[PDB]
Structures are given as C-alpha cells and as structure tokens.
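The chain that follows stands alone, in the form deposited in one PDB entry, written as structure tokens.
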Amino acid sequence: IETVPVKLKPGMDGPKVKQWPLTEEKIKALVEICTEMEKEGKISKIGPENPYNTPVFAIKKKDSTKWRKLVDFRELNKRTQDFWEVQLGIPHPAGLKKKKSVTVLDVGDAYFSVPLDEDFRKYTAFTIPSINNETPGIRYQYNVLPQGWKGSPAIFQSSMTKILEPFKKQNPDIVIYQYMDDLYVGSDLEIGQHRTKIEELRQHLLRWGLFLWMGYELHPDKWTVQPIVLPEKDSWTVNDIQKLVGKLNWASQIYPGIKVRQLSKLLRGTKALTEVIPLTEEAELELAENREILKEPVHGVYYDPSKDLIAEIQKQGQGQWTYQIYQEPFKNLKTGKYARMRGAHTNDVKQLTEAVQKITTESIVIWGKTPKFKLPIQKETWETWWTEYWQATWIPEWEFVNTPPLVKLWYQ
C-alpha cells in the first residue's frame, strides 16, 4: 500500500556480507523469531537467485527475558540512496541535550506496518546459519520496513508525525527526536511524572495499529566534560615536574599560549627522579599563567555536519575509561570519563563495548549521528566478543589502534 520507490546509490550492487558464526542459543532464538515474522508476513523465504546478504544476530536488552533480532545493515546503509525526495532532512534539535531527563524508546516495531518497495526487498536478504553448516541456512528477505535500515525512519516519518501529533500539541515543551529504531523523548519534569508522560506516549503508539514497554533513562543535563587540569602540589619531585612539562607540551598543541620555558629550567643538572625541587618564582608564575589559559575554551572549535565524528577511547585501568569526540585533531567537541562498573569488573572487552554504546548514545543526542571509533583493542579480540555485550539497536563504525598512544597519561 503506497510503496515508496527506493534505490541504491549509482554504480553500487547490493550488500554481500558474510554471516559471522552464531552460537546455538542465538540460532535457536532467531529461528523462533523468524518463524513468527514469516507467519506475520514481515519476511519471506527467498531462492538462490538472490546473491545478497547482510549479517544477523540476536541480543538481549537490559533486563529482559526475550531475544531481539538485530540485523547489521551497516553495508546496506552505506549503499542506500540518501533521501532528498520529499523532506530535505530534519534540523537536529539542540534542546534535547539540555533536557533534565531523556528516555529512549525502541519504536522499531512500528516500521513493520509499512510495506517495503518490491524492487528493493532483495537487498535485505539475510541467512540464519545452522551449526556446523549441517542443514542449509535459512534464507529470508523483508517485505516491510526492516529495523536497523536507514531508509525505515525516512519512509515512516510521515506516519510517525501523524501518530505523535496529539502528544506534541498537548505537550509543546517535550522534545521528541527519532534516530533509527529509537525515539528520544526529553523533559524537565519530575522523574515520577516524566515516566507518566512517556507512558502516555507509549499509548499513542500502542493504540495505533498493532520492546516498546522498555525505556532507557538518560539525564544529559548532568553529563560532564574533562577540562585540562594540572596538579596542585606543595612539593614537586623531578619526576612530577617532568610529567607536568610533558602534559603542558601536549596541551600547547591545543592551547597556543602555553609556555614551559621557566618550568623546564627547574630541574637544572641531572637529578635523581625522586628528588624534591623547590619551584622558582618564575616557574610559579608560568604555572599560574598556564592554569588560567586552561580555564578558557579551545579556540576555533566548531561542528561541521558534513564531516565524520571521530571517537577515541583510552583504557585507564580499574574500570576507568576516557574518551574524546572530535572532527579535527586537537579540537575536541566533547571529552569525558567513565569511572563505573555495571558488571564487567573482570572483563575489559565488556567494559569497552558498554563504553562504545554510551558514547554513541551521547553522539546521537548531541549531533544526531554516530561517530567512527578508534578502539584500543586487537581486531580479532573485538570481533570475537562485541556481539555478546551489545544492547543497542544500531551499530557504529570502528577501526583498531595497535600502537599505544602516549597521550593516555594526559587524559588521566
């Protein structure tokens, strides 16, 4: 009914992406889920004349007994046309990040109400593998807007608008933002009735047609940043001064006015690393001038919607992780630190996977897009484990860092 024509971008074929190995429990889950989707008309079995593939796996969101199918559409998304057709795109709301509470809803099930263009369905092909390839993999494609595909929120947008219209007119101060399968709803209300307002929202979706009941509570107004701070000490060792001059040298790339000359003079001669050195007056003045410089914002920092966001992460030890989001080197758009647990105390890779998810969430809230990650992990280790910890319905792009950054110690 009223199918929107969709195309790949010029000169591109559909995705052929290998299905990665799935555990028995994930395969069983996916067989059950897909058997039901097939009965409901959402997917159909396909024949050998469809060469395309996109990987699929299954996740369990936070505190739930049910598996959720997750298709990794990253390749299809790159290869799918940008949508200029009717809408020129929404300006990203700048007020969302200022709200006291933002709840995240998974609305993706609504997409299944819209048929997918018959000519484009083949590009949604996916396979449920069998253990040890003992039986033929089960091959399906979508008949309707799939969750995880960038085209789905685009094509459904005129429907979502009508759905939320009474809630928006009734609650003009509440910010609603849609990214992929997620709806982000912010408000300044007391948490008890914020929760009522979102539940009021759920009903509009629940009443219309047909994991929605879930919600993920954020408080972005309390989100912090990490300015460059220098130690305040009564006695400085040679080693302390060396680390200070190192950190200032690094900072001077970000802040031009930074000077190390007087501090660098302090160590004069070759002294024991642990020896205490009294600061000269010139050294104290310089340090003071440097502190004041570091209280000001970085010069010439601006977000460009046309450039990728890059996120770097450092493992600081004891469950602590620092990160920076930028576009251009030394102009950081956001920095942050997670000192936290949420299980994972004996698992580094789980911690990193949770950090990646938290950073991507912040990115979506602030800029409305996901960044490209530089991960401090060996590719094979990440690729083996990340799907075990993944609770998000989207997936960002990543690359791997194999050389230890010297700058880790300065974000500590």
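So that the term is clear: the rigid core is the largest set of C-alpha atoms that superpose within 1.5 Å between two forms. In this text, residue numbers run from 1 along the sequence as written.
What comes next is about the form deposited in another entry, which is not displayed.
Candidate set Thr274, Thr196, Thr161, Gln170; criterion, C-alpha shift of 2 Å or more between the shown form and the other one after rigid-core fit; matching residue, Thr274. Once both forms are overlaid on the rigid core, the distance between the two CA positions of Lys372 between the shown form and the other one is under 2 angstroms. Once you line up the core between the shown form and the other one, the Cα of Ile90 ends up 2 Å or more from where it was. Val31 is not among the residues whose C-alpha shifts by 2 Å or more between the shown form and the other one once the rigid core is aligned; its shift stays under 2 Å.
The pair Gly151 and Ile90 approaches in the other entry: their C-alpha atoms are at least 3 Å nearer to each other than in the form depicted. Here's the thing about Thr360 and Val407: their CA atoms end up at least 3 Å farther apart in the other entry than they are in this form.
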